[PDB]
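Each remark here refers to the structure printed beneath this line.
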Amino acid sequence: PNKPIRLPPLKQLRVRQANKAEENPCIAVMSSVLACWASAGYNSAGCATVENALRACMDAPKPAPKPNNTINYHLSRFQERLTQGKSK
Amino acid sequence: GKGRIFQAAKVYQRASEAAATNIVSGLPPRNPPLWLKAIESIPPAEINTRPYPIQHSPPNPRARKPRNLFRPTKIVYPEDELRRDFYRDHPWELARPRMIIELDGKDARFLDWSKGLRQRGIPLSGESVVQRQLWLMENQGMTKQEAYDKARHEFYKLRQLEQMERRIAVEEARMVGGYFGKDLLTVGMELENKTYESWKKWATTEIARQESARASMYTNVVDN
Amino acid sequence: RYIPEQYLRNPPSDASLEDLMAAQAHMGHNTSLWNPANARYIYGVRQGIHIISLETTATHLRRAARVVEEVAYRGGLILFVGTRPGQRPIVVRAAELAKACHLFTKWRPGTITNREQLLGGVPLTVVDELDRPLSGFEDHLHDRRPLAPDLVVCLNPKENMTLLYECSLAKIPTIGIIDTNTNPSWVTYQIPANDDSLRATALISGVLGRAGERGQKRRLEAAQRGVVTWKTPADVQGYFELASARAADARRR
Amino acid sequence: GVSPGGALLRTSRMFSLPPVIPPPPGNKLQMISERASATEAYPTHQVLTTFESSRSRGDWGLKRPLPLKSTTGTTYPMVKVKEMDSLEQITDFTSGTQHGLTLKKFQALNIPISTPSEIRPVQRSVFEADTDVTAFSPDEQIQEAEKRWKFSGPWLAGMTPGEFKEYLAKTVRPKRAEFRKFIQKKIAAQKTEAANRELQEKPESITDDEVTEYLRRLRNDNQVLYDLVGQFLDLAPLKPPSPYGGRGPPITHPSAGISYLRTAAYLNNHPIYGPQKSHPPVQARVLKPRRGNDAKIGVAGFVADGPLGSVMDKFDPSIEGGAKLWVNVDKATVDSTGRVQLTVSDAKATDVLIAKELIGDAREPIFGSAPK
Amino acid sequence: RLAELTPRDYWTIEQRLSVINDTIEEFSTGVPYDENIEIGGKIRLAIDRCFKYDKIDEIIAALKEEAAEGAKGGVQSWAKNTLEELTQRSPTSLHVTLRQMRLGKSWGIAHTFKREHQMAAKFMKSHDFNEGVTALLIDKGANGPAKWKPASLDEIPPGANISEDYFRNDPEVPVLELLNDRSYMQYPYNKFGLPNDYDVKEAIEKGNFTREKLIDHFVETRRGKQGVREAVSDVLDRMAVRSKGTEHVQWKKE
Amino acid sequence: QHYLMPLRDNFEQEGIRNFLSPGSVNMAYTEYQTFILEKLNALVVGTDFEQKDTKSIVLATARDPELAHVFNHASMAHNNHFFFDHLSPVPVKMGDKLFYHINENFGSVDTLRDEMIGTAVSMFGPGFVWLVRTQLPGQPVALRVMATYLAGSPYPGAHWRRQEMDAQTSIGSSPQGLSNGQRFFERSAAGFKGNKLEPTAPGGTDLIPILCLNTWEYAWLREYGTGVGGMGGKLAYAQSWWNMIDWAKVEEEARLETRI
RNA sequence: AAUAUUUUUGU
RNA sequence: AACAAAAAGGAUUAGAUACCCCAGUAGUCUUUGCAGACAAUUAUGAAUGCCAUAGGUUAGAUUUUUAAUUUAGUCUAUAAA
Ligand SMILES: [K+]
Ligand SMILES: [K+]
Ligand SMILES: [K+]
Ligand SMILES: [Mg+2]
Ligand SMILES: [Mg+2]
Ligand SMILES: [Mg+2]
Ligand SMILES: [Mg+2]
Ligand SMILES: [Mg+2]
Ligand SMILES: [Mg+2]
Ligand SMILES: [Mg+2]
Ligand SMILES: [Mg+2]
């Protein structure tokens, strides 16, 4: 097995999405509600505890945005040193 | 051509001509820059001229078309082979810290290896054994192994006394009312506790996390 | 026999091979990252790096000291340029000794080729042989254009090539510390040495700083004997001729 | 003939750095981790220090000054330089306390290193004129080869099938000519025996007939033959017909340069109580409980087997800081691979309470308050 | 480096020699740290006290006093070694040698060669030269050591003036015709070495320097030439008296 | 490397007339001190203490249990010179301020004379007898006597190796034994745990050693001999030492506040 | 991840 | 067998021969001949001498086989040009 190559000269060494993309949590609770209706039924009693969780999710306040990641800044410091150089 | 035309070596030749005559024909040339006369007799050195570098080892005589004739060669001494043999037989001798920061460079002026391993300015380490071995092997005409044994046993008798002093020096101090601080053995254990505790927090958190994955595999949302 | 802050409190007049070696002035860059152009100052290869010859570093350092000394002996304006995290105390100390200018931050591109704009509002002053100011050049200090260093001493030529290019473009001599990976054609007087070490740069700056000091001493000591080692620059010279022209009108009229 | 500049570099301190020795030998036919590596058995790079006045500036006598973030603040300044200048134009370094203090811990136990013993304890020192010897002469027979520790030939039982092939073909096969001469020198001595003995009451021996015929007489007795081949290649004896060659000779000095003490036959005189019975105990961690058919414990940075007997039976998350038990280090030795194996033996009760008296942890002090 | 230097045609020879002097001092690796001045201090004083006469009989007589145990010079070992070498050389050359050392202080550079030619022309006819050369180079010391015509200086009576015929040019040997007429009494440019007594004297007689302040005056003018501090200090240890204390320094001759 | 330094008033060549012959001062300082420095140099040959002062090594290696041996040489080379330095070539008249202050802490000069001398013999071991200057934040400048063992530092920063009481004949079963035993354990436990037993002002200004007395065997075993029959010995050595105390310097190093 | 309706022209 | 020019049908579309779809013959494969055109490309004929480095990679060789030298290829990024 070969080792990682030395990247060619790039314009900028960065990652597109530095900070991960947060997924809406309530979308996962809805999927569980739609699962009950599929198996149990719509006007049933088994989806009671699950439907309530969906109402409580949309009522709760969404979290706060996390501090941005500083990965792209450090990648720009060591670009010319890690890669073959900068191109433009 | 990403480079630029640098004429730093001809600043005098260029400045000397621009100051020889005047742009306004019919007038004497004005005084030249104050630096034109300072470096009048200090020309630059020749740069960008690949010479035959110093050969620190006999070059391959059998090569008919040798390459890398303008490549600096590696500096290898007879001690390099002795250092590797010693430090490999004494790997933990590398744990003993050694300072490679010189004070004034005049350390090899007081080193007389005909006296013994203990010299002025340098610590008793694997180098003193190597320098002592090389001396006996060359001057006294001893073999690599013979000189190695002699210089190696003198090293042990000096290290043994060092370890005996630490034990007795402490025991002797307590016999007259001398107390000390936390030994390295105790401090080392306390640090492991703080780290082990942090690992316990990480284990219980992940363990509980995996339980959700095991329960989320199957579906029980109907609440039958 | 060694104090960290010894190259500033009392730098040496001349650096020997022991001082340069103790200051790690021979540690070149990795063999892979080299400029074969400056293969003339390399002694060999050890620990994966190129070892610069201790004799080549001393001979080139003694030559630059003779350059910094004479330029100061002829009333020249020197500039010590070191732009690195910890090179500020070194450059400032060298300037004090040599009575020169210091620079420890990013050189603004165009401060020599475009000096009229950059150094526009910076004040100047006219001094006589004994460096004491002269009165009567008020009108000349308003139309005069800014100055340029008669000699630049860069402690890290690999970093700031915009400064060294303006010097070659403006016919200004330069002194630089050429590391194994630096292009030696960027300065006029090279000093093959390790520029990444904060201990080797303080030694070189001290030597060059003492050279300027010893040069200014001779210049001023000669002025007390009525022996000026320099003549009025061309810029100030032209102003004198215009002064006589305007003064001639007063005589006639 | 060397220039003055080249003479100072030879004696400089940075030129004295020893080459990076190969890592501690591991199993060739096994799996390992690539993206993560833990501490090694024994150190491979030299640990460096600097003056406290130079540490505030990052000057460690290297190519460039190191950063002050990960270099200042600690008590013991230690660092290892893997590359003085890498392709990133930075000194690739790392903290060296992992092995620098582990040596200071072991040396704080005040125990020597003794030759391994097969299972009447006989703790013999390692540094002795009879055993600790590397130089030899062609006169020493097999009876003296058991003392040596540094052999030139490899251990056959340890080499792999491929490493053995390379040895037979590229080191053994191109030696028949020189070995035949080795037999002649022996045959030349045998002929001198009868002559000498008969005179009290040498022949050149260059003859292919005797050599070729001399080897045909030993085919029935292959034992005496092996002793002759090993002497020509300097192989470590394997068959008893002895020098603890079951696992093979050591890849380094029997002590590995970790502790230069020769004997543990001393009695630390306690200030008040007086000369103690055994050495002071040492607290040890508990790793990998039995419930693996053996328990591991951390004694002064090293991992060794637990005493031959709770804390060892089952894991207890409630115990803060982990299970810690006092124990006495009985014997310490260096195996063939270079590991430092400790014969950790259970400690007594009075010793532990006595060791705590000077610490302030003993619940009831033994002095004064103790009525019986 | 000497090739890179390109002087201007209008530069005087003084400028050319100064540019080459500063170029040689750049390749100086420094004198040894342990080796001390051999001819300095005691041995240097003895040379000036035993070689100031005009007769070899007095020179050897003075050396015998130094070699005699109990003398205050301290060169007993050196004086003894010097005598063992003086009694092993042709006594005729010693007389002729010392004779021209006193006369050579007034000859010109060109007059020297002309006199040396007429002088060396008579040595070919002498018996010592043809004997010493054959007995030391051709024979390589064989047949014992050289045997000069006069056994030793003791044979030469005091009234003898053998050092008088080698200084009379004969008409048979034509006068040496040099390639040019240039000449001078003192060297025009010979002040690039270390400072000798002449330089230290000129400084003391034209200044008010002290013991330590005088040594520094030379380290500056000579641009810190290696060995100036050790050479100047030696001169100030043989011909420098602390008369007025640390305020000033004077010479011993007075 | 640490190198020997000449003595105060040429005691090496001539030595004190009525206290120590030149041959004794030769073996006491020029030979022994050289021996200690030779050992000290080898210990700090490649450590941070290669350029540090003896006192700086004394305070830096006071509590370190692994550098106890380095403390001995550094503390011994310091106390040894501290003793010879205070000796005067000829008798010196005690200063008025110093004389008046001594009476306030010891009652009379003769009381302090017999205390230090008596403490030396009563110790029956090598060490140093000090005249310390105790000054608390609010208390006046009070003097006292402190007796150190083989190599003990009177400075407060080196309280870890004061070595005042012998743990062999001072810790038993008697009432005084138990009391002394508790202190020996209270210090060790506190010192190990890091707790401070007695508060101390910053900068180590509480105690300032003024005078010292070297009672080691090598100092007097040659001049005054063993001392069989009362003639000479350690007792006479201490007595004769009282006649060569540079009270002038002792007064200066005291730096007594103006209270007269 | 493997998704795919159509959509011409401009002195 | 499968795929699929042709022929043929179903849709899409303003129209749809088409793109998509249901099916589908030559042909693709084997053997013996003809045929000689290709973006038959590295848009670069073949060959010899010569010019400074670095990072990978392929098949070997040597060694203090750990890791560095070295021969013949190939591929990225550069210096002088
Ligand atoms: K189909
Ligand atoms: K065809
Ligand atoms: K390649
Ligand atoms: Mg650099
Ligand atoms: Mg159109
Ligand atoms: Mg259709
Ligand atoms: Mg086909
Ligand atoms: Mg094709
Ligand atoms: Mg063709
Ligand atoms: Mg390919
Ligand atoms: Mg390319």
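The way I read the labels, and the way they are meant: chains A, B, ... in the order of the structure tokens, residue 1 as the first residue of every chain, and ligand 1 as the first ligand shown, with later ones counted on from there.
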
Residue hits in chain D, query chain C, radius 7 Å, only C-alpha atoms, as a list in words: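 The complete set of qualifying residues is residues 5, 53, 54, 61, 63, 64, 65, 85, 86 and 87 of chain D.
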
For residue 26 in chain D: contacts at 10 Å, only C-alpha atoms (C1' of nucleotides), fewer than 4 positions along chain excluded, given as a PyMOL selection string: chain D and resi 30+32+337

Could you pull out the residues sitting within 12 Å of ligand 1, using only C-alpha atoms (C1' of nucleotides) and all ligand atoms, and write them as a list in words? residues 2, 3, 4, 21, 22, 23 and 24 of chain H

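Taking CA of residue 170 in chain D and CA of residue 336 in chain D as endpoints, the distance between them is 25.1 Å.
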
Could you list the protein, DNA and RNA residues that have any atom within 9 Å of ligand 2, counting only C-alpha atoms (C1' of nucleotides) and all ligand atoms, and write them as a ChimeraX atom specification? /H:34-36

Writing out the chosen residues with C-alpha atoms (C1' of nucleotides) as a PDB file, in the first residue's frame:
ATOM      1  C1'   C H  34      -9.657  -9.732 -49.657  1.00  0.00           C
ATOM      2  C1'   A H  35      -9.557  -4.818 -47.934  1.00  0.00           C
ATOM      3  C1'   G H  36      -5.542  -0.794 -45.774  1.00  0.00           C
TER       4        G H  36
END

Neighbouring residues of ligand 7 are defined here as those with any atom at most 10 Å from a ligand atom, counting only C-alpha atoms (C1' of nucleotides) and all ligand atoms; list them as a PyMOL selection string. chain H and resi 28-30

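Residues in contact with residue 199 in chain E at 12 Å, where only C-alpha atoms (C1' of nucleotides) are counted and same-chain residues fewer than 4 positions away are skipped, are listed as residues 190, 191, 192, 193, 194, 195, 203, 204, 205, 206, 214, 215, 217, 218, 221, 222, 228, 231, 232, 235 and 236 of chain E.
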
Go ahead and write the residues just picked, N, CA, C and O atoms, as an mmCIF file, in the first residue's frame.
data_model
loop_
_atom_site.group_PDB
_atom_site.id
_atom_site.type_symbol
_atom_site.label_atom_id
_atom_site.label_comp_id
_atom_site.auth_asym_id
_atom_site.auth_seq_id
_atom_site.Cartn_x
_atom_site.Cartn_y
_atom_site.Cartn_z
ATOM 1 N N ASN E 190 55.922 48.287 5.088
ATOM 2 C CA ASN E 190 56.224 47.133 5.926
ATOM 3 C C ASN E 190 55.551 47.249 7.287
ATOM 4 O O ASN E 190 56.078 46.751 8.288
ATOM 5 N N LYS E 191 54.390 47.901 7.347
ATOM 6 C CA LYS E 191 53.678 48.122 8.599
ATOM 7 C C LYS E 191 52.320 47.432 8.600
ATOM 8 O O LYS E 191 51.356 47.942 9.173
ATOM 9 N N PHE E 192 52.232 46.267 7.960
ATOM 10 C CA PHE E 192 51.004 45.487 7.932
ATOM 11 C C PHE E 192 51.009 44.350 8.941
ATOM 12 O O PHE E 192 49.956 43.751 9.181
ATOM 13 N N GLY E 193 52.158 44.043 9.531
ATOM 14 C CA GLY E 193 52.251 43.015 10.543
ATOM 15 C C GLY E 193 51.818 43.527 11.899
ATOM 16 O O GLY E 193 51.170 44.568 12.029
ATOM 17 N N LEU E 194 52.186 42.772 12.928
ATOM 18 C CA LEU E 194 51.862 43.161 14.283
ATOM 19 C C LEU E 194 52.685 44.378 14.698
ATOM 20 O O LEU E 194 53.770 44.619 14.163
ATOM 21 N N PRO E 195 52.187 45.161 15.654
ATOM 22 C CA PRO E 195 52.923 46.352 16.103
ATOM 23 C C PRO E 195 54.126 45.960 16.948
ATOM 24 O O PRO E 195 53.993 45.247 17.944
ATOM 25 N N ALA E 203 53.527 55.713 19.593
ATOM 26 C CA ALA E 203 52.250 56.039 20.219
ATOM 27 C C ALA E 203 52.453 56.668 21.591
ATOM 28 O O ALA E 203 51.808 57.670 21.923
ATOM 29 N N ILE E 204 53.345 56.096 22.402
ATOM 30 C CA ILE E 204 53.572 56.619 23.746
ATOM 31 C C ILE E 204 54.163 58.021 23.677
ATOM 32 O O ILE E 204 53.801 58.904 24.464
ATOM 33 N N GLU E 205 55.078 58.249 22.738
ATOM 34 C CA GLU E 205 55.724 59.546 22.592
ATOM 35 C C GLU E 205 54.838 60.580 21.912
ATOM 36 O O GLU E 205 55.276 61.722 21.736
ATOM 37 N N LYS E 206 53.615 60.216 21.524
ATOM 38 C CA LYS E 206 52.698 61.144 20.874
ATOM 39 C C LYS E 206 51.311 61.070 21.500
ATOM 40 O O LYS E 206 50.312 61.390 20.850
ATOM 41 N N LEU E 214 46.274 52.006 26.396
ATOM 42 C CA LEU E 214 47.157 51.986 25.236
ATOM 43 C C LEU E 214 46.935 50.737 24.394
ATOM 44 O O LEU E 214 46.971 50.803 23.161
ATOM 45 N N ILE E 215 46.707 49.594 25.042
ATOM 46 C CA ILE E 215 46.454 48.362 24.303
ATOM 47 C C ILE E 215 45.208 48.508 23.441
ATOM 48 O O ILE E 215 45.159 48.018 22.306
ATOM 49 N N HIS E 217 44.060 51.226 22.077
ATOM 50 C CA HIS E 217 44.318 52.112 20.948
ATOM 51 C C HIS E 217 44.776 51.338 19.719
ATOM 52 O O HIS E 217 44.512 51.759 18.587
ATOM 53 N N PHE E 218 45.458 50.210 19.918
ATOM 54 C CA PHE E 218 45.940 49.423 18.791
ATOM 55 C C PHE E 218 44.879 48.468 18.264
ATOM 56 O O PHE E 218 44.815 48.226 17.054
ATOM 57 N N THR E 221 42.825 50.797 15.818
ATOM 58 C CA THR E 221 43.476 51.216 14.581
ATOM 59 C C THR E 221 43.727 50.028 13.662
ATOM 60 O O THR E 221 43.585 50.138 12.439
ATOM 61 N N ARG E 222 44.100 48.886 14.231
ATOM 62 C CA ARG E 222 44.358 47.679 13.458
ATOM 63 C C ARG E 222 43.092 46.885 13.159
ATOM 64 O O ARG E 222 43.192 45.748 12.688
ATOM 65 N N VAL E 228 46.998 41.327 18.366
ATOM 66 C CA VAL E 228 47.456 42.667 18.715
ATOM 67 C C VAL E 228 47.459 42.855 20.226
ATOM 68 O O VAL E 228 48.369 43.479 20.783
ATOM 69 N N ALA E 231 50.523 40.945 21.496
ATOM 70 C CA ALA E 231 51.797 41.509 21.068
ATOM 71 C C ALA E 231 52.076 42.837 21.758
ATOM 72 O O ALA E 231 53.182 43.066 22.259
ATOM 73 N N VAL E 232 51.082 43.726 21.793
ATOM 74 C CA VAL E 232 51.266 45.020 22.443
ATOM 75 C C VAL E 232 51.531 44.832 23.929
ATOM 76 O O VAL E 232 52.389 45.505 24.512
ATOM 77 N N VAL E 235 55.159 43.990 24.549
ATOM 78 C CA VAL E 235 56.047 45.142 24.429
ATOM 79 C C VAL E 235 55.949 46.013 25.672
ATOM 80 O O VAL E 235 56.941 46.604 26.116
ATOM 81 N N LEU E 236 54.755 46.108 26.252
ATOM 82 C CA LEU E 236 54.547 46.877 27.470
ATOM 83 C C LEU E 236 54.954 46.111 28.721
ATOM 84 O O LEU E 236 54.724 46.598 29.833
#

Dump the neighbourhood of ligand 11 as a count of residues only: all residues within 10 Å, distances computed on only C-alpha atoms (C1' of nucleotides) and all ligand atoms. 4

A:27, A:47, A:5, A:21: which is nearest chain B, counting only C-alpha atoms?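 Smallest separation from chain B among the options: A:47.
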
Kindly compile the residues surrounding ligand 6 within 9 Å, counting only C-alpha atoms (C1' of nucleotides) and all ligand atoms, and format them as number ranges by chain. H: 8-11, 16-18

Residues from last step as file, N, CA, C and O atoms (P, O5', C5', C4', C3', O3' and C1' of nucleotides), as a PDB file, in the first residue's frame:
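Result went into part-v1.pdb, see below:
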ATOM      1  P     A H   8     -39.685   0.232 -42.919  1.00  0.00           P
ATOM      2  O5'   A H   8     -40.393  -0.468 -41.677  1.00  0.00           O
ATOM      3  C5'   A H   8     -41.178  -1.635 -41.861  1.00  0.00           C
ATOM      4  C4'   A H   8     -41.695  -2.184 -40.554  1.00  0.00           C
ATOM      5  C3'   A H   8     -42.354  -1.193 -39.612  1.00  0.00           C
ATOM      6  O3'   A H   8     -43.676  -0.848 -39.979  1.00  0.00           O
ATOM      7  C1'   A H   8     -40.888  -2.572 -38.389  1.00  0.00           C
ATOM      8  P     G H   9     -44.275   0.582 -39.557  1.00  0.00           P
ATOM      9  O5'   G H   9     -44.700   0.385 -38.036  1.00  0.00           O
ATOM     10  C5'   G H   9     -45.737  -0.514 -37.683  1.00  0.00           C
ATOM     11  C4'   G H   9     -45.723  -0.835 -36.210  1.00  0.00           C
ATOM     12  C3'   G H   9     -46.013   0.317 -35.265  1.00  0.00           C
ATOM     13  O3'   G H   9     -47.389   0.639 -35.173  1.00  0.00           O
ATOM     14  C1'   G H   9     -44.166  -0.911 -34.462  1.00  0.00           C
ATOM     15  P     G H  10     -47.841   2.106 -34.700  1.00  0.00           P
ATOM     16  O5'   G H  10     -47.442   2.147 -33.159  1.00  0.00           O
ATOM     17  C5'   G H  10     -48.059   1.274 -32.228  1.00  0.00           C
ATOM     18  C4'   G H  10     -47.578   1.529 -30.823  1.00  0.00           C
ATOM     19  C3'   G H  10     -47.704   2.958 -30.328  1.00  0.00           C
ATOM     20  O3'   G H  10     -49.014   3.275 -29.894  1.00  0.00           O
ATOM     21  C1'   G H  10     -45.555   2.126 -29.802  1.00  0.00           C
ATOM     22  P     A H  11     -49.450   4.809 -29.715  1.00  0.00           P
ATOM     23  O5'   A H  11     -48.570   5.309 -28.487  1.00  0.00           O
ATOM     24  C5'   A H  11     -48.439   6.691 -28.204  1.00  0.00           C
ATOM     25  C4'   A H  11     -47.257   6.963 -27.312  1.00  0.00           C
ATOM     26  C3'   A H  11     -46.832   8.418 -27.203  1.00  0.00           C
ATOM     27  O3'   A H  11     -47.604   9.142 -26.263  1.00  0.00           O
ATOM     28  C1'   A H  11     -44.930   7.059 -27.579  1.00  0.00           C
ATOM     29  P     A H  16     -45.082  13.481 -36.359  1.00  0.00           P
ATOM     30  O5'   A H  16     -43.512  13.470 -36.091  1.00  0.00           O
ATOM     31  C5'   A H  16     -42.591  13.337 -37.168  1.00  0.00           C
ATOM     32  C4'   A H  16     -41.272  12.768 -36.708  1.00  0.00           C
ATOM     33  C3'   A H  16     -41.368  11.770 -35.554  1.00  0.00           C
ATOM     34  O3'   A H  16     -40.364  10.766 -35.702  1.00  0.00           O
ATOM     35  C1'   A H  16     -39.992  13.564 -34.918  1.00  0.00           C
ATOM     36  P     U H  17     -40.773   9.261 -36.085  1.00  0.00           P
ATOM     37  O5'   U H  17     -39.710   8.846 -37.197  1.00  0.00           O
ATOM     38  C5'   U H  17     -39.821   9.329 -38.528  1.00  0.00           C
ATOM     39  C4'   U H  17     -38.545   9.117 -39.302  1.00  0.00           C
ATOM     40  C3'   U H  17     -37.348   8.648 -38.488  1.00  0.00           C
ATOM     41  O3'   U H  17     -37.350   7.249 -38.267  1.00  0.00           O
ATOM     42  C1'   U H  17     -36.703  10.457 -39.865  1.00  0.00           C
ATOM     43  P     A H  18     -36.571   6.625 -37.009  1.00  0.00           P
ATOM     44  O5'   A H  18     -35.821   7.872 -36.365  1.00  0.00           O
ATOM     45  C5'   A H  18     -35.408   7.846 -35.009  1.00  0.00           C
ATOM     46  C4'   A H  18     -34.476   8.983 -34.687  1.00  0.00           C
ATOM     47  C3'   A H  18     -34.106   9.134 -33.221  1.00  0.00           C
ATOM     48  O3'   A H  18     -33.080   8.250 -32.816  1.00  0.00           O
ATOM     49  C1'   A H  18     -34.709  11.241 -34.102  1.00  0.00           C
TER      50        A H  18
END

I need the residues in range 11-257 of chain F that are helix (DSSP H, G or I) according to DSSP; give them as an MDAnalysis selection string. chainID F and resid 22:43 48:50 54:60 68:86 96:106 109:123 156:161 175:193 217:220 228:230 233:241 247:254

Need the shell around residue 156 in chain D: protein/DNA/RNA residues with any atom at most 9 Å away, counting only C-alpha atoms (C1' of nucleotides). Skip same-chain ones fewer than 2 positions apart. Format as a PyMOL selection string? chain D and resi 153-154+158-160+164+235-236+238+248

Keeping only C-alpha atoms, write those residues as a PDB file, in the first residue's frame.
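The resulting file, part.pdb, is shown below:
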ATOM      1  CA  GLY D 153      25.193 -14.302  14.759  1.00  0.00           C
ATOM      2  CA  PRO D 154      21.400 -14.392  14.947  1.00  0.00           C
ATOM      3  CA  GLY D 158      13.728 -16.536  16.475  1.00  0.00           C
ATOM      4  CA  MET D 159      14.310 -15.713  12.820  1.00  0.00           C
ATOM      5  CA  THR D 160      11.406 -16.122  10.426  1.00  0.00           C
ATOM      6  CA  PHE D 164      16.465 -17.643   7.786  1.00  0.00           C
ATOM      7  CA  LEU D 235      25.699 -18.243  17.210  1.00  0.00           C
ATOM      8  CA  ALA D 236      23.864 -18.251  20.517  1.00  0.00           C
ATOM      9  CA  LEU D 238      20.241 -23.321  21.847  1.00  0.00           C
ATOM     10  CA  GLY D 248      17.232 -16.318  23.032  1.00  0.00           C
TER      11      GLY D 248
END

Could you find all residues in range 18-204 of chain F that DSSP calls strand (DSSP E) from the backbone, and write them as a VMD selection string? chain F and resid 128 to 135 141 to 148

The selected residues should be written to file as a short mmCIF file (atom, residue, chain, number, x, y, z; two decimals), in the first residue's frame (atoms: N, CA, C and O atoms).
data_model
loop_
_atom_site.label_atom_id
_atom_site.label_comp_id
_atom_site.auth_asym_id
_atom_site.auth_seq_id
_atom_site.Cartn_x
_atom_site.Cartn_y
_atom_site.Cartn_z
N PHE F 128 26.89 23.34 61.94
CA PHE F 128 27.17 24.76 62.00
C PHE F 128 26.27 25.40 63.05
O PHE F 128 25.09 25.06 63.15
N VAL F 129 26.84 26.31 63.83
CA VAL F 129 26.11 27.08 64.83
C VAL F 129 25.93 28.49 64.29
O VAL F 129 26.91 29.17 63.97
N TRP F 130 24.68 28.93 64.20
CA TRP F 130 24.33 30.20 63.58
C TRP F 130 23.78 31.17 64.62
O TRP F 130 23.20 30.77 65.63
N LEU F 131 23.97 32.46 64.34
CA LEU F 131 23.35 33.54 65.10
C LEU F 131 22.36 34.22 64.17
O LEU F 131 22.74 35.05 63.34
N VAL F 132 21.09 33.85 64.30
CA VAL F 132 20.07 34.24 63.34
C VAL F 132 19.40 35.54 63.78
O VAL F 132 19.38 35.89 64.96
N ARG F 133 18.85 36.26 62.81
CA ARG F 133 18.13 37.51 63.03
C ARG F 133 16.65 37.25 62.71
O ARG F 133 16.26 37.22 61.54
N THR F 134 15.85 37.08 63.75
CA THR F 134 14.43 36.80 63.59
C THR F 134 13.65 38.11 63.62
O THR F 134 13.66 38.82 64.63
N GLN F 135 12.98 38.41 62.51
CA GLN F 135 12.15 39.61 62.40
C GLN F 135 10.84 39.23 61.74
O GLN F 135 10.80 38.93 60.54
N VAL F 141 13.20 43.22 65.83
CA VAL F 141 14.30 42.40 65.32
C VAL F 141 14.88 41.64 66.51
O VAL F 141 15.66 42.18 67.30
N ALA F 142 14.49 40.38 66.65
CA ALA F 142 14.93 39.52 67.74
C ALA F 142 15.95 38.52 67.23
O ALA F 142 15.76 37.91 66.17
N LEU F 143 17.03 38.35 67.98
CA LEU F 143 18.09 37.41 67.63
C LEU F 143 17.93 36.11 68.40
O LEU F 143 17.29 36.05 69.45
N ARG F 144 18.52 35.05 67.85
CA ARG F 144 18.48 33.74 68.49
C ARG F 144 19.60 32.89 67.89
O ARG F 144 20.25 33.28 66.92
N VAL F 145 19.81 31.72 68.49
CA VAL F 145 20.84 30.78 68.08
C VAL F 145 20.18 29.56 67.46
O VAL F 145 19.18 29.05 67.98
N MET F 146 20.73 29.10 66.34
CA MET F 146 20.25 27.91 65.65
C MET F 146 21.45 27.03 65.32
O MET F 146 22.46 27.52 64.81
N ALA F 147 21.33 25.74 65.63
CA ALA F 147 22.40 24.78 65.40
C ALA F 147 21.96 23.82 64.30
O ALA F 147 20.97 23.10 64.45
N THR F 148 22.70 23.81 63.20
CA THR F 148 22.43 22.92 62.08
C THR F 148 23.38 21.73 62.11
O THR F 148 24.47 21.79 62.68
#

Hey, can you check how far CA of residue 46 in chain A sits from CA of residue 221 in chain B?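 Interatomic distance here is 7.5 Å.
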
Residues within 12 Å of ligand 9, counting only C-alpha atoms (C1' of nucleotides) and all ligand atoms: report them as an MDAnalysis selection string. chainID H and resid 45:47

Residues of chain F within 10 Å of chain D, counting only C-alpha atoms - could you list those as a ChimeraX atom specification? /F:46-51,65-66,166-175,177-179,181-182,184-193
